Amino acid sequence: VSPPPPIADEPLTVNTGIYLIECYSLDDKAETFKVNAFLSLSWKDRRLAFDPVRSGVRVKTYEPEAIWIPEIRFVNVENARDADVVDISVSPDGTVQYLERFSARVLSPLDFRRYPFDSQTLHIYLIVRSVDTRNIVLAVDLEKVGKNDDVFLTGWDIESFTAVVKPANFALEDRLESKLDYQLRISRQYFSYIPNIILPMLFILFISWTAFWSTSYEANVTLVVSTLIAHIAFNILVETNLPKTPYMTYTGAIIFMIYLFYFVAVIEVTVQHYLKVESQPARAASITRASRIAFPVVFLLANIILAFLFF
Amino acid sequence: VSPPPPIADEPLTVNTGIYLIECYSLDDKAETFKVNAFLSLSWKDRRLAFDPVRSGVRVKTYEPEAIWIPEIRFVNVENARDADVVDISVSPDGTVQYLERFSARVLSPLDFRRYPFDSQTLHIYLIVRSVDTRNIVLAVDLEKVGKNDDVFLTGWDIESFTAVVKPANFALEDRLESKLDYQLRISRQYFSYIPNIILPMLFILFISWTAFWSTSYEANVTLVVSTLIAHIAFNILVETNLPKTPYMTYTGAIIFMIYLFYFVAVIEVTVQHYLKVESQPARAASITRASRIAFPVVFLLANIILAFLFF
Amino acid sequence: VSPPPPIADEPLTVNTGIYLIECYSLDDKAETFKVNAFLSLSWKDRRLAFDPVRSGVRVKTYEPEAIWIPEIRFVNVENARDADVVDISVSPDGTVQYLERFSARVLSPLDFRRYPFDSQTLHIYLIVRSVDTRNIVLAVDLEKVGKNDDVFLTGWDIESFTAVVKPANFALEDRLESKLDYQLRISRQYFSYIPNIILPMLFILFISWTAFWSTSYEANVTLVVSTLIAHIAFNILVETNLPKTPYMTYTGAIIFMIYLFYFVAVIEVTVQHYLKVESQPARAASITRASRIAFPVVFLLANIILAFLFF
Amino acid sequence: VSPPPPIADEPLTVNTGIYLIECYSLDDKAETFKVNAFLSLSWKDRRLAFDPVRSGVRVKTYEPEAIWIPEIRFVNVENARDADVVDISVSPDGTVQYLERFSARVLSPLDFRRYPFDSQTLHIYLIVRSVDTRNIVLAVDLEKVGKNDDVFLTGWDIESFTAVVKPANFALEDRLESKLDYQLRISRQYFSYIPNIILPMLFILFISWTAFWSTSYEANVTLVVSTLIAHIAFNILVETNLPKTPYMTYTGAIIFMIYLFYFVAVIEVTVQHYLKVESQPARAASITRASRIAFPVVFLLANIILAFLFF
Amino acid sequence: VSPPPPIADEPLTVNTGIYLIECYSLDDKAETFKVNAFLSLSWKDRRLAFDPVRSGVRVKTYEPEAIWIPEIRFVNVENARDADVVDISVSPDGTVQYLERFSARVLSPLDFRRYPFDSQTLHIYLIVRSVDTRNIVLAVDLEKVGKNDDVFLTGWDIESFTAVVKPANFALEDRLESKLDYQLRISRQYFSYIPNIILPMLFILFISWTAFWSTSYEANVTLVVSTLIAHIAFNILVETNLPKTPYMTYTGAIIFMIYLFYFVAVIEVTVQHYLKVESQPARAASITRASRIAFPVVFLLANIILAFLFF
Ligand SMILES: [Br-]
Ligand SMILES: [Br-]
Ligand SMILES: [Br-]
Ligand SMILES: [Br-]
Ligand SMILES: [Br-]
Ligand code: NA
């Protein structure tokens, strides 16, 4: 089989469409997601044209091997898609209607800067490489782009599934390549992060601040050091759910900042005891009383500054 | 091969049946389950009619490639089912009896609100796409829907396996689709959660409350902070067995509430010591004595309120 | 190809045998094990009979596609077995000798009640579905049932590999089914559980009891609370190696019971300090002295009771 | 099909090229990385030569089975590459232009000595075994060696993708082998290691040094031992992200050195208390005051020594 | 196809060879390793003999399906090897030279008694089953047994790759079987275990012994209990890298023995405080002073005894 010959110099337009059936396994660490969808393809092959009156049929059904089919590939896939051809139908004017159901693991980079209050634009890049006989260009049939109502991505809200209608045409190894961008916009369901990570992390920090209403150095050391250990536990838990980023994430920034609060609390606790031993408790009392206001105030202002910088 | 021709304008009815052989790997985090079952299909293809007198045999056995077979698919599967054809029997009128044994990983959403006292309705959606020559509709042969007596799903009780007899017929990408809903009702075996998570979590909480019968601030700090650390360990253990939900789970609610009890216990322990140092122990004694009754009472009432809200 | 015709309605007997080459990956949590074995099949096909004096050949070697072979399946397998046909031999009377080497992941429930002093009976269920022309029944050729001497299952002792010679013949979806039960009896190697889990768990518990020879409340709180944290660590480690059971395991029972011992030790430590503060140390001394005998005695008797209930 | 015959006592030159589409899953522990790329092959087959004037065609398209294709393999791959032929084009002189898109998991050793400030040279070794009729040699077509601009490897910076133009020709099992070395140079994005591992590890160490401004032995023991436990947590976290090396890594060296600082801090804390009890506090004061300067100074100098030895 | 006929009473000798290309993924817990190697086979088939003069060829190439090839299998493999035929060459006398490149996951038991200072002998068992027409025996062609210089197994040193030249001929399911033993000798790279597990474990133990220079019971309890918790952490870390053995490992023995040292240290700390409270400090001083020498001495001697018993 060979591609359809150009009636005019015109490049062959392959109309595309992706209909999402299932969305699952968005892996944050791996920056991948699995998809189960319909891929629809449509093009004019004049060699396949027929008269409906003479043939006694209005449609002609072929097997993939019987006719020429464009080699459509995904750019950002781990392995080649697991595809099953559903139907191939030819209209009297030679308009081919191809439909396949596929499943694929898609590589799509994620921006964790606002984690866990982040939104992502997942991409599915459709591509076709031109043949020596003729140039192949991709198009979007908006009527065949969509998603099933039941499509759910665990821990995320699915906003939209649209396609950038104008393809990105470029040269790769002296052949024309036509690339389409299918975009799946999602926003993270941040709810669970509040009672599981944010509030427990705040409680242990506030517990460390009870040392500002205590003169017992031994108890203060126990308060600040023990809660710091609990904070290390949360820092480690958080970084296991996330990949290593060359930037600070919003949660990573808060977690890092809380270490400084534990560090300064230890200094205060040390200074208080040192002055007490040195028989200067009136001075130690001034520092401790100031710390009661300074620590929550600086914590609140530093968080306002961070939320501003990130959102 | 092409579909059987209609005697009139009627759609082709494909009678279905699923018989569960094995149920395994219900993944809570992934919201998936693996299934090993028989898929039975039955349709009339008069082009396969034969005389038993002439052919000698009463029933004809065919290879899947030799005859037309409906393209039956599962909606909610990760990848296409691993299927092995067991039998294809054609009777003299042309009635085909197809039997295959398959294995598949099914995507079925789970409601964790009442975890670990939750029940689920797992779905297996059977689907067929209509062709150009004629429309294909699915039906349920109740005689061929069931499950093996030995079918066990680790950590769950299997209640029923039934099928919604009326298919969901709808248009998808300019063609008819016939969808059947096979429902597997299961209830969680909550037993192990009691001695492994609930009771150890209660013991450490009750241990923190021994600080209400102690005047030693340094020992009280050790009691409440150490048990809080143990509670953090249990919170982390619990959330590793569960996906991130945009709602509170029953266990998640209890675990979160227990943090407030640790926080208020720290306040009490702090207040008690502060008054003692301030030479007001009669007042500290009133707060500590009240706490001995208040903490278990408020804990019991708050748990009654939570159990009411969730069940 | 069609099945061998009967002299009478008498069913076709397919003699079976399984010879284990490799046993590996017994997954306790998944309740699965991987097997690499020989599957031998034998039946009489008179259509394949030949004369021994005329032919000169004593045995004829056929390719699987050339002759009729019964569709033999495993009931309790995750996916269809990975099989490679080794040899097909036909004797003059038409007796077929089929041999294949296969690998499969088998689902076999495990009873953890006596863990880690448990024994299991792993099952490999062989099954054949009857055809319209005639009924197929399974039989055991005991001479072709066995295991390689080198067969080792990491952390287990392999006792026996036998087959229940009488098949379970039953109707399933209007056809006869013949099921054979191949049983692999194994007993757990409990050795490693003693120095890794049982003895370290006992040492930390005995360390908590040194608080019965101490009047220092602050040190006692540190002793009982710290060792309790170490016990939580072991409880969590143990439950990661085991699936969730709707019953108590022997180890789970001991681990749960030890929590009560930590709880009562905290009560004693609290009561001792309360009486001391209340200027009643002679009474506190009576309780502490009693606890020195009571705690090891009640621990020993409670363990005798548990071992009795479980074994 | 047979290889193209030599015009002269010459080997067949197969011009190669690799164009990276996707780079993902660099596993540090496994020392592997996954690749999705184009593999281009070019060789002269005079048997396929044609006249462009009479044929009217500039290029002829062949199916892989229709013509002879060299058996090109990768040396350092886990399993054989998952390949899909994109295009086969023959010029009038008989020059064949082969293009396939493949995916493979590549084994490439990693040097962790300067971790997490390390750089690596990943290798993709192309190989061809000579046939009995003639010797096959590999060459690099630099015009077909490259990478997509969007190629991202999570947690790494991609520097270059070049090929060693001269193949390594050698005898293997009494035949010639032609090996090409494709090199992917990458440098680790160390950023995240600073707020997640390096700075928290420094904070806990500095917290332990507050014991040099405290005379309370009980509080000092709590300070140095608690922070040591937090350091063990970080040591364990670090070694889970890395494979076991027969050499010291830069991070491993720092982590190991910090143990000595905790050990000497315990000795100081012990010596201070011992002298205090021995009624020699003037001496204990001299050691404690010296430790305030000695510990940060020795820590800074030892780190300068280590950074010098490693970089 | 049928096996080559015997000239005489002689069995068919199949000369074998394995050339290791890649060695990876030695899983200690699973007792498996992955291999990528060349498998060479050689046997005489007189039916394929030819005269070089009238043929014009010194060698003849065949496709695997065209000629009889012995069914060579691996005994200790998880699943059947992933094999690709590289070349099949026939010399004038009919000597067939077969070469395939394969990848397989091999089951090979490991002896952990001297871990992490252990050495292993990995096995690759080649096997062939005899046919009714004639007995097939295996042989080793030492010229075709080897390994690539670049073959590296992460965390191990590869010593040798040799084959036991004499096959193990035996009966299995009424047919003779010829088994060859290919041995890969490896020794563990113990280096990393010293700064990561052995020395940190020794430091925490030595820190617990500072309690022998302290009269503060509260601080002593904190010293011995906290370091014991750190030792539990290391015990758990070690047992996650190892399978459960029915014997003691060298590391397991040290780790277990260190628990006894923590236990006796707690007894000493308890005894010291008890005597102090009882107004007998001169006696407590004698026990504490003795413990300063006894604990390091008994630890050193017990380790010499253990190293002797294990090496
Ligand atoms: Br693709
Ligand atoms: Br499906
Ligand atoms: Br099976
Ligand atoms: Br390859
Ligand atoms: Br094999
Ligand atoms: Na303390």
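Calculation notes
Residues numbered from 1 in each chain as written, not as in the entry; some residues may be left out. Chains lettered and ligands numbered in written order. Heavy atoms only, no water. Least-squares fit on C-alpha atoms. Contact = heavy atoms within 4.5 Å. Pairing = 2+ DSSP bridges. Helix = DSSP H or I, 4+ residues; strand = E, 2+ residues; numbered from the N terminus. Axes fitted to C-alpha atoms, helices over the stretch in contact; angles between N-to-C directions. Patch = residues over 30% accessible without salt bridge, like charges linked within 9 Å, V, L, I, M, F, W, Y side chains within 5 Å. Areas by Shrake-Rupley, 256 points an atom, 1.4 Å probe, with all protein chains shown as cover. Salt bridge = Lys/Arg side-chain N within 4 Å of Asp/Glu carboxyl O. Core = buried A, V, L, I, M, F, W, Y, C linked by side-chain atoms within 4.5 Å. Buried < 20%, exposed > 50% of the residue type's maximum accessible area, 1.4 Å probe, protein only. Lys, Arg positive; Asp, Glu negative; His and termini not counted. Charge placed at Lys NZ, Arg CZ, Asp CG, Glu CD. Buried area = accessible area lost by both parts, 1.4 Å probe. Polar contact = N/O pair within 3.5 Å; in protein donor to acceptor, adjacent residues only side chain to side chain. Nonpolar A, V, L, I, M, F, W, Y, C, P; charged D, E, K, R; others polar. Expected span 1.5 Å × (residues − 1). Bend = angle between axes of the 7 residues up to and from the residue. 1 Å grid on protein atoms, 1.4 Å probe; cavity = no way out; pocket = protein on both sides within 12 Å on 5 of 7 lines; lining within 4 Å. Points joined across faces, edges and corners; volume = space filled by probe spheres on them.

In the PDB archive, X-ray crystallography is given as the structure determination method for this entry, at a resolution of 3.40 Å.

Enquirer: I keep staring at the relation of the copies chain D and chain A and nothing clicks. Help me out?
Expert: Superposition of the two copies of the chain requires a rotation about an axis and a shift along the axis. In the superposition of chain D on chain A (RMSD 0.3 Å, axial shift 0.1 Å), the rotation amounts to 73°. Both copies of the chain, as the preceding transformation shows, are related through a five-fold rotation axis. Taken as a fraction of all interface residues of chain D, those also at the interface in chain A reach only 2%, which identifies the copy contact as different-surface.

Enquirer: Please explain the sheet that holds strand β4 (residues 72–74) of chain C as it appears in this structure.
Expert: Strands belonging to one sheet form pairs held by backbone hydrogen bonds; the direction of such a pair is parallel or antiparallel. Residues and elements named next belong to chain C. If you trace the four strands from one edge of the open sheet to the other, you get β4-β7-β11-β10, paired in antiparallel fashion. Where the open sheet ends on each side, the last strands, each with one partner, are β4 and β10 (156–172). Adjacent strand axes in the sheet meet at a mean angle of 20° when their direction is disregarded. Here β4 runs beside strand β7 (residues 119–129); their pairing, made up of three bridges, is antiparallel. When the sheet's bridge partners are listed, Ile-72 is paired in β7 with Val-128.

Enquirer: Help me understand a nonpolar patch on the surface, please; the structure alone is not making it clear to me.
Expert: The grouping of A:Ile293, A:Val297, A:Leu300, A:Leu301, A:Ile304, A:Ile305, A:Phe308 and A:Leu309 at the surface amounts to a nonpolar patch, some 860 Å² of accessible area in total. Of note, A:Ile305 is situated in helix α5 (residues 281–310).

Enquirer: When you look at the nonpolar core in this model, what are you seeing that I'm missing?
Expert: When a protein is soluble and globular, its nonpolar side chains tend to lie buried together. Grouped together as the largest cluster of nonpolar side chains are 453 residues, with contacts concentrated most on A:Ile18, B:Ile18, C:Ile18, D:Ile18 and E:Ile18. The biggest single contributor to this core is helix α4 (residues 250–277) of chain B, with 14 residues. Not counting residues up to four positions away in its chain, the partners in contact with A:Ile18 are A:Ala37, A:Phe38, A:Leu39, A:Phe74, A:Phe102, A:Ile124, A:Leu126, A:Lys144, A:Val145, A:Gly146, A:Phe161 and A:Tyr182.

Enquirer: Explain the environment of A:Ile258 to me, please; I cannot follow it from the model alone.
Expert: Residue and element names in this part refer to chain A. In this fold, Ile-258 is placed in helix α4 (residues 250–277). Between the alpha carbons of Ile-258 and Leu-202 there is a distance of 9.2 Å; along the sequence they are 56 residues apart. Residues contacting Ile-258, with those up to four places away along its chain left out, are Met-201, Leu-205, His-231 and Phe-299.

Enquirer: In this structure, what is going on with the sheet that holds strand β7 (residues 119–129) of chain E? I would like to understand it.
Expert: All names here are of chain E. Taken in spatial order, the four strands of this open sheet run β4-β7-β11-β10, and their pairing is antiparallel. With partners counted over all chains shown, the strands left at the sheet margins are β4 (72–74) and β10 (156–172), one partner each. Between one strand axis and the next, the sheet turns by 20° as a mean value, whatever way the strands run. Taken together, the 13 bridges between β10 and strand β11 (residues 175–188) define a ladder with antiparallel strand orientation. Pairing of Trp-156 across the sheet is with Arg-188, part of β11.

Enquirer: Would you explain a negative patch on the surface in this entry?
Expert: A contiguous patch of negative charge on the surface is contributed by A:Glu218, B:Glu218, C:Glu218, D:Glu218 and E:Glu218. One can find C:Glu218 in helix α3 (residues 217–240).

Enquirer: How do you make sense of the interface of chain B and chain A when you look at a structure like this?
Expert: Accessible area lost upon the coming together of the parts serves often as the stated size of an interface. Listed by partner, the interface residues are 45 residues for chain B and 49 residues for chain A. Taken as a group, B:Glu173, B:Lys244 and B:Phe263 account for 15% of the area that chain B buries against chain A, more than any other trio of residues on that side. At the boundary of chain B with chain A, the tally comes to two salt bridges. The partner of B:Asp174 in a salt bridge is A:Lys144, with the nearest N and O atoms 3.1 Å apart.

Enquirer: Explanation requested: the pattern of salt bridges in the structure shown.
Expert: Pairing between side chains of opposite charge can happen when their charged atoms approach one another. One pass over the structure, following the stated rule, counts 69 salt bridges over all chains. For E:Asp45, the salt bridge identified is with E:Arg47, shortest N-O distance 2.8 Å. Here E:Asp45 falls in the buried class, since its relative accessible area comes to 1%. Looking at E:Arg47, the relative accessible area reads 40%, which means it is partly exposed. Overlapping salt bridges bring together A:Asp132, A:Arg175, D:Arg58 and D:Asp87 as one network.

Enquirer: In this structure, what is going on with the interface of chain D and chain A? I would like to understand it.
Expert: Contacts between chain D and chain A engage 49 residues on the former and 45 residues on the latter. Buried area between chain D and chain A, summed over both chains or domains, comes out near 4,300 Å², and the portion from carbon and sulfur atoms is 65%. Counting the contacts that link chain D with chain A gives two salt bridges. With a closest N to O distance of 2.8 Å, A:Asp132 and D:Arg58 form a salt bridge. At the boundary of chain D and chain A, one finds nine residue pairs in polar contact. For the side of chain D that touches chain A, the secondary-structure elements that each account for two or more residues are β1 (12–27), β2 (32–44), β5 (82–90), β6 (95–107), α2 (193–208) and α3 (217–240) of chain D. Considering each element in turn, the side of chain D that touches chain A owes the most residues, 10 residues, to α2(D). When its residues are assigned to classes, the side of chain D that touches chain A shows 25 nonpolar, 16 polar and eight charged.

Enquirer: So what exactly am I meant to see when it comes to helix α5 (residues 281–310) of chain E here?
Expert: Since one α-helical turn is 3.6 residues long, residues separated by three or four positions face the same way. All names here are of chain E. In a regular helix each residue adds 1.5 Å, so 30 residues correspond to 44 Å; α5 covers 42 Å between its end C-alpha atoms and thus fits that length. The axis of α5 is deflected most strongly, by about 35°, at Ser-291. Burial in α5 covers these residues: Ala-284, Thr-288, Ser-291, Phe-295, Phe-299, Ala-302, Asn-303, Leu-306 and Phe-310. Looking at the packing, one finds that the buried side of α5 touches α2 (193–208) and α4 (250–277).

Enquirer: Looking at this structure, I do not really get empty space enclosed by the protein. What am I missing?
Expert: To find the voids left in a structure, one rolls a probe of water-molecule size over its atoms. The full count for this structure, using the stated rule, is seven cavities of 30 Å³ or more. When residues of the lining of the largest cavity are assigned to their parent elements, the largest contribution, three residues, is made by helix α2 (residues 193–208) of chain A.

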